[PDB]
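Participant: Listed in order, the protein sequences are those of chains A, B and C.
Quick note: to get UniProt numbering, add 221 to the position in the first sequence (first position is 1).
Numbered per UniProt numbering, the second sequence spans residues 25 to 398, 405 to 474.
Quick note: to get UniProt numbering, add 74 to the position in the third sequence (first position is 1).
Quick one: this structure, given as structure tokens, is what I'll be asking you about.
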Amino acid sequence: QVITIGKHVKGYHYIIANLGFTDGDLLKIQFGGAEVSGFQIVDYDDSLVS
Amino acid sequence: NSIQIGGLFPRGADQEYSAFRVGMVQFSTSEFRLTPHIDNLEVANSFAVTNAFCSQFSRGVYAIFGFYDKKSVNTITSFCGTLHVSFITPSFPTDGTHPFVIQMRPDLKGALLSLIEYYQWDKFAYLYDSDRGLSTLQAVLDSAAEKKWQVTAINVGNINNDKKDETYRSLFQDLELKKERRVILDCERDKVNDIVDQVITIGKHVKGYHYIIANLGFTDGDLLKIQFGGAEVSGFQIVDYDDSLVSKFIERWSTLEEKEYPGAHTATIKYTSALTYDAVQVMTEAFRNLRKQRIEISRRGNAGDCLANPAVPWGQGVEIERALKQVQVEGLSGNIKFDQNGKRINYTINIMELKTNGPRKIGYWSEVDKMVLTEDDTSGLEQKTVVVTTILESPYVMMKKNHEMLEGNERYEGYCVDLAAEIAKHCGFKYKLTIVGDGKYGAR
Amino acid sequence: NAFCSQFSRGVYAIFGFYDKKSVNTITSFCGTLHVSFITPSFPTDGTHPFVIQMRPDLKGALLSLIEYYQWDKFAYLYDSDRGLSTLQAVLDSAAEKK
């Protein structure tokens, strides 16, 4: 609904409050203009993870 | 009289071919009938055009119908002038005035150059694809040279699909080198549906941008995802849905079976499909008139070789074409008339601009009467000039010496005249300077 | 008819000129009938098989020459009858080179 009204442009900023910040669709607003930041409890670069 | 006709469809035009069959259901009359030699074949290979053309010549059909390619437009003109075979197309308009060539798509350029001037533009980009022809592209640069316009033209359709993600990101940054706000798009509806998604991907649908779609089915694509974007997108309709004859057909169209007619169990229709349905209305009227004229078309279907040297023509098809251009009926495109070349006249296209409710009409453009807006003042809020009362006083309110040539708030000068701007500067309103009647300051 | 004549002759190579109205014709047959054709006329656009051409391209030298003359603004008269690929090509660089 944000990208519907186009509020992903430069000047906006968004913060997601969970641990799987990378779980949802981040791709459609990857090139939006705003800045979206979050967290990981899980690092994918670990051996035991990989 | 079931008459040998010829029909060549590009593979995929099934809604049109359904709408062809609807007009075949609708406009087939009692006495004379049609022998549809349907050719659902590709349009790219002119050899494949050729063998299918010589097939119906070997069939000796009395009319050929269907679409054509820009690669095959010089092919079919090289034969319809040659073999004297009257062909009818709904596809894009031709350039050269060719005989035995009938076309159903009206021109767009006269309304469009009106619309730019109606929007009163000076500088804009212009994306386009070569595959539809370039006569519009050639035409606009002429007026742009005349109207000193600064036009950026970029062909886009030769980009492959396999990289059709980053080329655009490369592309619109190049438009942001000049930071463009005014874009005219002229491609396919699907190409529009390709590119509009990439715009909303990078979010260039916000306020400040403006887009113009160069087709007749401006309302065909997804307008919904950018209905609430911020930019302004405007276009045209050859087909007005509010007509009775239209709405009757909509009741017929939507009630069709999707399996019995693919792509027909829908609310609205392609305007291409409308010209298909309009053509048979003409095409029955054509064979209607030669029986009213009592003209026999009694010629064999054994027309010989198309490579007969020389292939002898037959002048009844001259008279067939002669009776075509006198046809004036009412269809989904409305009133239709021809020139001496089969090119359409006496047509009128409306202007449709996407709004919050959706698309809406503001005006038309007749074929000769230019862009006349049709006037619906739905602006329920309009910023009223407020009433500023005062009285003539040096140095507060003094008449300008040339108040006669001047007008309104300019005729009044003095100290307070400066101040009235400042509050209007600060409080943003509009106003009108008015004078007290009796010339008194005021007492009970 | 002249093409099908030499096909009826079954000649081993066809040679000569062509039109911009017939360029889509001959490509629609040399790809089809697999007949190697050679032209000296203007260069083609699509990479077509069985199509041999003798005229080299002009656009790479010409865009060099404008930059060699270091230009910014100019008129450009042209005729459609030779093709328009040069016209399409220059507007791309003109958009790039403002």
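Positions of the beta carbon are idealized from the N, C-alpha and C atoms, including for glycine.
#1: Of the choices B:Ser-42, B:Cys-78, B:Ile-100 and B:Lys-94, whose alpha-carbon is the least far from that of B:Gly-328?
#2: List, from N- to C-terminal side, the beta strand (DSSP E) runs of 3 residues or more that fit wholly inside the stretch 118-167 of chain C.
#3: Chain A partners of B:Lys-147, CB-CB under 7 Å?
#4: Shorter than 6 Å, the distance from the beta carbon of B:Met-376 to the closest heavy atom of the ligand FAD, or not?
#5: From A:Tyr-265 to B:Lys-202, what distance separates their C-alpha atoms?
#6: Spell out whether any CB of chain C is found under 7 Å from the CB atom of B:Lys-171.
#7: Residues of chain C with CB under 7 Å from B:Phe-71, in chain order?
#8: Sort B:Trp-338, B:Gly-253, B:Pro-334 and B:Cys-330 by Cα distance to B:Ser-322 and report the nearest one.
#9: Kindly indicate if chain B contains any beta-carbon less than 7 Å away from that of C:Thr-160.
#10: Do the stretch 215-233 of chain B and the stretch 242-261 of chain B make contact, defined as three or more Cβ pairs closer than 8 Å?
#11: What span of residues does the beta strand (DSSP E) with B:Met-376 cover, start to end?
#12: For A:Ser-258, collect the residues of the same chain with a Cβ closer than 7 Å to its Cβ; drop the 5 residues on either side in sequence, then sort them by chain order.
#13: Report the neighbours of A:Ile-226 on chain B: residues whose CB is nearer than 7 Å to its CB, in chain order.
#14: Name the chain B residues that come within less than 8 Å of A:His-229, Cβ to Cβ?
#15: Anything in the stretch 327-343 of chain B with a Cβ closer than 8 Å to a Cβ of chain C? List those residues in chain order, please.
#16: Going by alpha carbons, who is nearest to B:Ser-42 out of B:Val-125, B:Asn-432, B:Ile-293 and B:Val-427?
#17: Should B:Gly-47 and B:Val-304 be called a contact, given that it needs their Cβ atoms to be closer than 7 Å?
#18: In whole angstroms, what separates the C-alpha of C:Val-109 from that of B:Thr-74?
#19: Name the two residues that bound the continuous beta strand (DSSP E) containing B:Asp-63.
#20: Give the list of continuous alpha helix (DSSP H) stretches no shorter than 4 residues that lie fully inside the stretch 72-117 of chain B.
#21: With DSSP collapsed to three states, give me the class of B:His-456.
#22: Which bits of chain C does B:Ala-177 rub up against, with CB to CB less than 7 Å?
#23: Quick one: list the residues of chain A neighbouring B:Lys-294, beta-carbon separation under 7 Å, in chain order.
#24: Taking only beta-carbon positions, decide if B:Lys-95 is within less than 7 Å of chain C.
#25: DSSP three-state label for B:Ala-177, please.
#26: Whole angstroms is fine: what's the gap from residue 477 of chain B's alpha carbon to B:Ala-168's?
#27: Hey, how far is the Cα of B:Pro-117 from the Cα of B:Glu-440?
#28: Using the Cβ count rule (16 or more neighbours within 10 Å means buried), how would you classify residue 22 of chain B?
#29: If we define contact as Cβ-Cβ less than 7 Å, is B:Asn-98 a contact residue for chain C?
#30: Output the boundary residues of the beta strand (DSSP E) element that contains B:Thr-191.
#31: What do you reckon, are the CB atoms on B:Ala-450 and B:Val-418 nearer than 7 Å?
#32: Would you kindly work out how many angstroms separate the C-alpha atoms of B:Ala-37 and B:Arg-324, rounded to a whole number?
#33: Name, please, each residue of chain A whose Cβ falls closer than 8 Å to the Cβ of B:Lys-249.
#34: If you count every other CB in all the chains shown that lies within 10 Å of the CB of B:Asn-239, and 16 or more means buried, which is it?
#35: For a quick check, are the C-beta atoms of B:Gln-127 and B:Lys-147 less than 7 Å apart?
Facilitator: Looking at the coordinates:
#1: As a position in the second sequence, residue 328 of chain B is number 304, starting the count at 1. With distances taken between Cα atoms, B:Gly-328 lies closest to B:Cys-78.
#2: 125-127
#3: What you label residue 147 of chain B is simply residue 123 of the second sequence in a count that begins at 1. Those within 7 Å of B:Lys-147 in chain A number zero; the least Cβ separation is about 23 Å.
#4: Among the components of this structure there are no ligands whatsoever, and the ligand FAD is therefore not found.
#5: Position 44 of the first sequence, counting from 1, holds the residue named residue 265 of chain A. Position 178 of the second sequence, counting from 1, holds the residue named residue 202 of chain B. Taking the straight line from one Cα to the other gives about 42 Å.
#6: Position 147 of the second sequence, counting from 1, holds the residue named residue 171 of chain B. Not one chain C Cβ lies under 7 Å of B:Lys-171.
#7: Counting from one through the second sequence, the residue named residue 71 of chain B turns up at place 47. The contacting residues are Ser-102, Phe-103 and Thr-106.
#8: For the purposes of this step, residue 322 of chain B is taken as residue 298 along the second sequence, with counting starting at 1. Ranking B:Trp-338, B:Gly-253, B:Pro-334 and B:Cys-330 by Cα distance to B:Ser-322 puts B:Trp-338 first.
#9: The count along the third sequence starts at 1 and reaches residue 160 of chain C at position 86. So, not an interface residue.
#10: yes
#11: Locating residue 376 of chain B in the second sequence gives position 352, counting from the first residue. That run of the beta strand (DSSP E) goes 372-378.
#12: Sequence index remark: in the first sequence, residue 258 of chain A carries index 37 (1-based). Contacts found: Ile-236.
#13: Your numbering for residue 226 of chain A matches position 5 in the first sequence. Within 7 Å Cβ-Cβ: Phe-252.
#14: Locating residue 229 of chain A in the first sequence gives position 8, counting from the first residue. Simply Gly-227.
#15: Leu-331 and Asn-333
#16: As a first step, residue 42 of chain B is located in the second sequence; it is residue number 18 there, counting from the start. Checking every option, the nearest Cα to that of B:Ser-42 belongs to B:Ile-293.
#17: Translated into positions along the second sequence, residue 47 of chain B becomes position 23. Translated into positions along the second sequence, residue 304 of chain B becomes position 280. Yes, the Cβ-Cβ distance between B:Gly-47 and B:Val-304 is below 7 Å.
#18: Against the third sequence, residue 109 of chain C aligns to sequence position 35. Against the second sequence, residue 74 of chain B aligns to sequence position 50. So the alpha carbons of these two residues sit roughly 18 Å apart.
#19: If you number the second sequence from 1, residue 63 of chain B lands on position 39. Residues 57-64.
#20: 97-104
#21: The residue labelled residue 456 of chain B in the question sits at position 426 within the second sequence. The answer is helix: DSSP assigns B:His-456 an H, G or I state.
#22: Here residue 177 of chain B refers to the residue found at position 153 when the second sequence is read from its first residue. Neighbours of B:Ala-177 on chain C, chain order: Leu-165.
#23: Sequence index remark: in the second sequence, residue 294 of chain B carries index 270 (1-based). Within 7 Å Cβ-Cβ: nothing; B:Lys-294 doesn't reach chain A, min ~27 Å.
#24: Along the second sequence, one-based indexing puts residue 95 of chain B at 71. With 7 Å as the cut-off, B:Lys-95 counts as an interface residue toward chain C.
#25: Taking the first residue of the second sequence as position 1, residue 177 of chain B is located at position 153. Looking at B:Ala-177 - three-state DSSP - the assignment turns out to be strand.
#26: Within the shown structure, residues of chain B are numbered from 25 to 474, placing residue 477 of chain B beyond reach of any answer.
#27: In the second sequence, counting from the first residue as 1, residue 117 of chain B sits at position 93. In the second sequence, counting from the first residue as 1, residue 440 of chain B sits at position 410. Cα to Cα, B:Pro-117 sits roughly 53 Å from B:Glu-440.
#28: With chain B covering only 25 through 474, there is no way to say anything about residue 22 of chain B.
#29: For this step, residue 98 of chain B is matched to residue 74 along the second sequence. Judged by the 7 Å Cβ criterion, B:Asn-98 is in contact with chain C.
#30: Taking the first residue of the second sequence as 1, we reach residue 191 of chain B at position 167. That residue, B:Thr-191, is in no beta strand (DSSP E); its alpha helix (DSSP H) goes 190-199.
#31: Here residue 450 of chain B refers to the residue found at position 420 when the second sequence is read from its first residue. Here residue 418 of chain B refers to the residue found at position 388 when the second sequence is read from its first residue. Their beta carbons are under 7 Å apart, which means B:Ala-450 touches B:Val-418 by this criterion.
#32: Along the second sequence, one-based indexing puts residue 37 of chain B at 13. Along the second sequence, one-based indexing puts residue 324 of chain B at 300. The straight-line gap from Cα to Cα measures roughly 31 Å.
#33: Within the second sequence, the letter at position 225 stands for residue 249 of chain B. Within chain A, the residues near B:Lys-249 are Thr-225.
#34: By one-based count along the second sequence, residue 239 of chain B stands at place 215. The residue is buried, with at least 16 neighbouring Cβ atoms inside 10 Å.
#35: Taking the first residue of the second sequence as position 1, residue 127 of chain B is located at position 103. Taking the first residue of the second sequence as position 1, residue 147 of chain B is located at position 123. In this structure, B:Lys-147 does not lie closer than 7 Å to B:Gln-127 by Cβ.
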